[PDB]
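Worksheet: the structure to be examined is printed underneath.
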Amino acid sequence: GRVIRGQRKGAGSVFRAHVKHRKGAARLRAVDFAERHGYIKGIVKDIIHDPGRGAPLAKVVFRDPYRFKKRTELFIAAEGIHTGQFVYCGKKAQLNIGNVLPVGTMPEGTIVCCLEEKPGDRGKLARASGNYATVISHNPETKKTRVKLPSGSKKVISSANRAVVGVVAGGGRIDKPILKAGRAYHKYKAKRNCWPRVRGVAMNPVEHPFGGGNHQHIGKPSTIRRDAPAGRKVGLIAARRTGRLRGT
Amino acid sequence: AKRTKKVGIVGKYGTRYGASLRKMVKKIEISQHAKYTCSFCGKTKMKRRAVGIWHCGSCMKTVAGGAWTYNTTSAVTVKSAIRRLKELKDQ
Amino acid sequence: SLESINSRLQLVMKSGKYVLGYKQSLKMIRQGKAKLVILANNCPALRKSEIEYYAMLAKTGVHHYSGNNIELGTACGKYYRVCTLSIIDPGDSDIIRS
Amino acid sequence: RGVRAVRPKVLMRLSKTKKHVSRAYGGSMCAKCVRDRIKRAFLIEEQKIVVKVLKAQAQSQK
Amino acid sequence: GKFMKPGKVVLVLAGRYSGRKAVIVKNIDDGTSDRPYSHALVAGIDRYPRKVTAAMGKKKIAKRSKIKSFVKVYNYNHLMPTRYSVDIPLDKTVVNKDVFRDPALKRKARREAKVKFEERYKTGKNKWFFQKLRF
RNA sequence: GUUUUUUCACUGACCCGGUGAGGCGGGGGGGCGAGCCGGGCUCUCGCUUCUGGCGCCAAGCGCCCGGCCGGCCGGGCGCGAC
RNA sequence: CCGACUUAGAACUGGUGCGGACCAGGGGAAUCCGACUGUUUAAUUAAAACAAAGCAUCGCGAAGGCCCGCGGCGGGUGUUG
RNA sequence: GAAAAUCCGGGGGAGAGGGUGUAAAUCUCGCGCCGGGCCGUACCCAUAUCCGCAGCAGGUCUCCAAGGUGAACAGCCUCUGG
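Chains as they are written, first to last, in UniProt numbering: chain A, 2 to 249; chain B, 2 to 92; chain C, 10 to 107; chain D, 54 to 115; chain E, 2 to 136.
As structure tokens, this is what we get:
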């Protein structure tokens with residue numbers, strides 16, 4: 002009769018993200034006349050560390066094309082970006098690393114990142130540390146650029162939506178082992194309350210549907226229905242195939 | 002002197018964490034603390050500040066590199082590939 | 010003529026009169042002694058145009074060495090790295106006509 | 054250099070000469086990267102006039 | 002030629018007049034016993050003549066283009082030489098190194114450069130030289 | 001014709017994304033290429049990429065319009081900015 | 001000319017007493033379990049239990065997965081990919 | 001590995017200022033002048049002023065920190081203080 006941990010996680014208060022020292026929302030620049038019809042120049046001020054993000058960020062200070070002010074945008078830092086590098090953004094901007102442009106105006110087999118899945122959403126795809134999205138093909142009619150994603154699944158996109166050229170920085174951080182539990186404690190204090198993972202077989206039967214028993218077992222198949230209700234849906238969710246994977 | 006046979010920087014972990022998990026991590030732990038050859042000055046000063054962010058303590062120029070190495074293998078092969086498709090577009 | 014410049018640079022170091030460094034070469038440009046200025050490709054681009062604008066006024070050839078200041082220092086027979094090099098008298102070198 | 058290291062709300066009291074050094078971008082920017090942003094502010098502006106003069110060539114021949 | 006002439010325009014690179022435009026009246030190629038560094042005395046323009054517009058007053062325009070000049074010895078590396086040059090006399094009789102003994106004499110070299118930058122501003126010759134550097 | 005109805009795009013509720021709702025769509029003036037013996041057209045670009053400066057509150061060219069003794073002391077309105 | 005603190009050596013010597021009080025590790029050979037550090041039933045269980053790094057599948061490319069909510073163009077993960 | 005109040009410098013140059021003075025506009029210089037309301041302020045702070053029914057061997061956040069012995073804020077002994 003007690004709510005399971007996942008149901009409690011959904012509420013808030015405790016299982017929310019620790020957004021205090023987070024150095025801001027990593028997003029692209031907003032589309033205007035200087036993005037759609039040509040390009041605009043803005044300098045990389047400083048590559049910076051975002052607590053709760055594996056990849057670093059970049060304060061890229063553009064000049065405002067309308068106002069006397071000078072705008073500053075928090076980009077996902079492409080691997081090989083540096084301070085005082087000119088990063089150009091728009092249609093007529095060149096095809097080199099950091100130099101963001103819409104996917105219709107770059108060839109196929111091109112590595113992108115911080116890619117818009119819908120035109121305007123301002124950077125959503127392939128934008129964790131070291132992830133590369135390829136430009137598979139083009140469809141000049143209907144604007145359908147097929148894009149291979151870090152998962153591997155190809156997405157038909159609207160070909161008028163912008164990605165920063167090159168892979169995201171902080172690449173290959175999952176190669177280093179967390180050797181001691183303390184390093185993992187410090188990793189998840191930066192993000193949200195989810196780390197010290199209590200396995201269901203250890204939990205009592207009132208808390209978790211894998212609980213109880215004089216032996217520490219499951220007893221029921223852990224592979225569960227997609228329809229399965231709020232609290233029961235536990236273990237291998239809607240598992241097509243399960244057990245040990247061999248080859249491809 | 003020579004003070005450890007075949008534990009390097011990962012000698013600081015002592016007996017803990019495994020043999021293969023102090024035979025694998027040494028490769029990372031060496032590279033991330035390595036004073037690399039800077040490209041902007043030449044000065045052996047490319048010191049890792051944080052994760053994927055490499056800083057020169059001479060020019061004061063911060064570079065978004067790999068996590069443990071200044072340039073990961075699959076970031077420089079991309080750079081040449083982006084530069085190859087660059088020339089193949091413009092002509 | 011890429012590997013011939015490593016040979017010619019030695020023949021200024023051994024025989025000719027040279028000035029390795031920026032501040033000392035930026036003067037020996039201004040003295041009207043600089044018959045060549047050699048820059049490394051990883052020199053500051055402010056200092057690149059700074060030199061190329063004095064060598065406009067001096068009417069002197071700015072040779073862009075196709076290596077970094079670490080490689081240029083090795084080519085110029087030193088153990089220290091050097092971006093800017095100016096030649097006062099090449100000695101027995103065709104560096105100006107090459 | 055030439056500006057007092059002091060609590061920020063103290064500078065109401067300090068005279069003008071205590072707070073800035075006598076130069077363009079004096080007491081706001083370091084003199085080393087002033088004289089790099091005087092040269093660049095000129096040498097980039099010189100390069101614009103070479104573009105103004107090379108534009109006066111390529112159209113007169115057609 | 003040897004590009005540090007007594008007619009060359011020169012950017013002042015450091016000091017109080019950092020970014021001010023100056024014209025060399027004397028280059029001293031070797032080091033004098035007083036100033037062992039290779040130096041060149043310039044007479045530049047401290048306060049610039051302002052951007053002037055049509056349909057202003059006659060008496061109003063006469064207030065705008067008031068050049069306030071300076072006179073100063075700088076080094077060759079506290080100055081930036083340009084490709085520009087100004088045809089200006091600036092006689093040795095006033096604009097001189099004998100003028101750095103008396104603050105009364107220095108009100109005349111500040112006044113001598115003032116006039117010959119003022120009454121040759123209204124010509125439109127050397128119109129680069131009187132427009133302030135943008136930084 | 002009338003309705004049952006598969007299949008393409010239509011927008012107009014309805015949903016989503018961005019924005020400080022800042023240049024969208026046709027058309028014209030103005031530059032690159034194509035075809036006829038100054039001629040009238042079919043389509044393309046429409047201004048910034050060698051460097052850790054600078055850029056806001058318009059210059060310019062038009063036109064009416066306030067006094068005093070056709071000459072002397074200014075504001076407003078258009079392109080510039082179709 | 002002004003030294004401030006130790007290390008080392010040898011003498012001599014007491015009724016072999018002398019780290020003189022105080023401070024302050026019992027030691028070895030094996031077995032089972034848990035790698036370790038950490039944690040745990042406040043008031044009978046501090047454990048071989050929990051956690052753990054590592055390892056392995058599973059779901060999901062956002063109108064999405066996982067979850068919350070009486071409700072919503074609602075809310076958490078999400079300042080996310 | 002905090003924001004924000006707050007403060008300051010800079011870059012710009014719309015303006016303002018006086019006509020050779022009894023100078024002006026102006027000053028982050030040195031004096032001078034006037035003012036600063038409102039609320040808390042005693043004492044205990046723990047083997048007797050707090051919380052555990054109580055002068056309850058429990059619990060309860062900090063600041064200062066002498067001499068000797070000694071590796072030592074260890075233990076023991078002593079000074080001020082109690």
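From the three backbone atoms N, C-alpha and C, an ideal C-beta is built for every residue, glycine too.
Specify, as a first and last residue, the run of the beta strand (DSSP E) that residue i falls within.
{"i": "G91(A)", "result": "87-91"}
{"i": "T74(B)", "result": "No beta strand (DSSP E) holds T74(B); the alpha helix (DSSP H) holding it covers 74-91."}
{"i": "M47(B)", "result": "45-49"}
{"i": "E74(A)", "result": "73-77"}
{"i": "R84(E)", "result": "80-86"}
{"i": "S58(C)", "result": "Careful: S58(C) lies outside any beta strand (DSSP E), inside the alpha helix (DSSP H) at 54-66."}
{"i": "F63(A)", "result": "58-63"}
{"i": "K32(C)", "result": "Careful: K32(C) lies outside any beta strand (DSSP E), inside the alpha helix (DSSP H) at 32-39."}
{"i": "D98(C)", "result": "94-98"}
Can you find the residues in the same chain that come closer than 6 Å, C-beta to C-beta, to residue i, ignoring five residues on each side of it along the sequence?
{"i": "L237(A)", "result": "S223, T224, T243"}
{"i": "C39(B)", "result": "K46, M47, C57"}
{"i": "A239(A)", "result": "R227"}
To the nearest whole angstrom, what separates the beta carbons of residue i and residue j, a pair I think is in contact under 8 Å?
{"i": "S102(C)", "j": "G30(C)", "result": "Between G30(C) and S102(C) the Cβ distance is about 20 Å, and since that is not below 8 Å, they are no contact."}
{"i": "residue 152(E)", "j": "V72(E)", "result": "With chain E covering only 2 through 136, there is no way to say anything about residue 152(E)."}
{"i": "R174(A)", "j": "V52(B)", "result": "6 Å"}
{"i": "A77(D)", "j": "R135(E)", "result": "Incorrect: roughly 12 Å between the Cβ atoms, too far for contact."}
{"i": "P197(A)", "j": "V235(A)", "result": "About 18 Å; that fails the 8 Å criterion."}
{"i": "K119(A)", "j": "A134(A)", "result": "Contact flag wrong, Cβ pair sits at about 15 Å."}
{"i": "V45(A)", "j": "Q95(A)", "result": "No, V45(A) and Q95(A) are not in contact; Cβ-Cβ is about 16 Å, not under 8 Å."}
{"i": "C114(A)", "j": "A164(A)", "result": "6 Å"}
{"i": "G55(A)", "j": "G171(A)", "result": "5 Å"}
{"i": "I25(E)", "j": "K3(E)", "result": "That pair is no contact at about 12 Å."}
{"i": "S160(A)", "j": "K145(A)", "result": "7 Å"}
Of all the CB atoms in chain C, is at least one closer than 7 Å to the CB of residue i?
{"i": "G66(B)", "result": "no"}
{"i": "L96(D)", "result": "yes"}
{"i": "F136(E)", "result": "no"}
{"i": "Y38(E)", "result": "no"}
{"i": "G43(B)", "result": "yes"}
{"i": "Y75(E)", "result": "no"}
Of all the CB atoms in chain E, is at least one closer than 7 Å to the CB of residue i?
{"i": "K92(D)", "result": "yes"}
{"i": "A109(D)", "result": "no"}
{"i": "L55(C)", "result": "no"}
{"i": "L29(C)", "result": "no"}
{"i": "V87(D)", "result": "yes"}
{"i": "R76(D)", "result": "yes"}
Does residue i get closer than 7 Å to chain B when you measure Cβ to Cβ?
{"i": "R90(C)", "result": "yes"}
{"i": "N50(C)", "result": "no"}
{"i": "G172(A)", "result": "yes"}
Using a Cβ cut-off of 7 Å (strictly closer), state whether residue i contacts chain D.
{"i": "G20(E)", "result": "yes"}
{"i": "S34(C)", "result": "no"}
{"i": "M5(E)", "result": "no"}
{"i": "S58(C)", "result": "yes"}
Which residues in the same chain have their Cβ closer than 8 Å to the Cβ of residue i, if we skip the five residues on either side of it in sequence?
{"i": "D65(A)", "result": "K71, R72"}
{"i": "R233(A)", "result": "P210, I225"}
{"i": "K98(E)", "result": "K27, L42, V74"}
Going by DSSP, what residue range makes up the alpha helix (DSSP H) through residue i?
{"i": "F34(A)", "result": "34-37"}
{"i": "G43(A)", "result": "No alpha helix (DSSP H) contains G43(A), which is instead part of the beta strand (DSSP E) from 40-49."}
{"i": "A84(C)", "result": "78-84"}
{"i": "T70(D)", "result": "69-72"}
{"i": "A12(A)", "result": "6-12"}
For residue i, I'd like the list of residues in its chain whose CB is within less than 7 Å of its CB, leaving aside the five on either flank, ordered along the chain.
{"i": "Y71(B)", "result": "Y37, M47, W55"}
{"i": "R193(A)", "result": "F16, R17, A18, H19"}
{"i": "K133(E)", "result": "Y49"}
Using beta carbons (cut-off 7 Å, strictly below), is residue i in contact with chain A?
{"i": "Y71(B)", "result": "no"}
Report the residue ranges of all beta strand (DSSP E) runs contained in full by the stretch 21-108 of chain E; include only those spanning at least 3 residues, in chain order. Counting whole runs of 3 or more residues, the stretch 21-108 of chain E contains the beta strand (DSSP E) stretches 22-29, 40-48, 73-76, 80-86.
I'd like the ranges of any alpha helix (DSSP H) spanning at least 4 consecutive residues and lying wholly in the stretch 148-211 of chain A. 182-190
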